[PDB]
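Structure, as structure tokens:
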Amino acid sequence: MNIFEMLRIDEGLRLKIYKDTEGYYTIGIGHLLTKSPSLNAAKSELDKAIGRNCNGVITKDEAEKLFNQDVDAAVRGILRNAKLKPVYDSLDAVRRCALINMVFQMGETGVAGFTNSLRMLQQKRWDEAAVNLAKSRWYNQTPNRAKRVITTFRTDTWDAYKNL
Numbered sequence: 174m175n176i177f178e179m180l181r182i183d184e185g186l187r188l189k190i191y192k193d194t195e196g197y198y199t200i201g202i203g204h205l206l207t208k209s210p211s212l213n214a215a216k217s218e219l220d221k222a223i224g225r226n227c228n229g230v231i232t233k234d235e236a237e238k239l240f241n242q243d244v245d246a247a248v249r250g251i252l253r254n255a256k257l258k259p260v261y262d263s264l265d266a267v268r269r270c271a272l273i274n275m276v277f278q279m280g281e282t283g284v285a286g287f288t289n290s291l292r293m294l295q296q297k298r299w300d301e302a303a304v305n306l307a308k309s310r311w312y313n314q315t316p317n318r319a320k321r322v323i324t325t326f327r328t329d330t331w332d333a334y335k336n337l
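So for the sequence shown, our numbering puts the first residue at 174; every next one is plus one.
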């Protein structure tokens, strides 16, 4: 399994504008369009993003294009972030995927706020970090996904996605 397969299990694929678990306007593979309540503002962002008049609908192709860009941006942002970089560098491949997954869902900023857990991942205290990560809004709001990610950090294997 790789980062793209992992995220695609967690995010799913929708070719029509839809609402986040959060109520936000999204499309494709977890590509957030706007936090604004107007379907019109979301439509506008979409067309801006794709470079065409979409009318709220995209092709598989366009979805995957946005996905490649979003993954690329997540990694780069990790790399540019003074708090994320050292953690990422300290981790092995599988675990790096788990961090990337968090960044994709919650943004650089969001994850950089998990100070204590980051410290614990850096120290390679897997069990301790899994307990701390669970004490969050994140886990309470999207428990099945948080659990898969947390398992990955804990175990260093892809078994949580084995099932899925």
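All residues carry an ideal CB built from backbone N, CA and C; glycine is no exception.
Straight-line spacing of the CA atoms in residue 207 and residue 255 works out to 27 angstroms.
Burial is judged here by how many other beta carbons sit within 10 angstroms of a residue's own beta carbon; residue 215 has at least 16 and is buried. Contiguous alpha helix (DSSP H) elements confined to the stretch 241-300 occur at 258-263, 266-285, 288-295, taking only those with 4 or more residues.
When secondary structure is reduced to three states using DSSP, residue 321 falls in the helix class. Within the same chain, Cβ atoms closer than 7 angstroms to the Cβ of residue 293 are found at 301, 302, 305, the five residues on either side in sequence being excluded.
Counting only residues of its own chain and dropping the five nearest sequence neighbours on each side, residue 185 has no CB closer than 6 angstroms to any other CB. Judged by DSSP in its simplified three-state form, residue 306 adopts helix.
Taking 3 residues as the minimum length, the beta strand (DSSP E) runs contained wholly in the stretch 186-249 are 187-192, 198-201, 204-207, in order along the chain.
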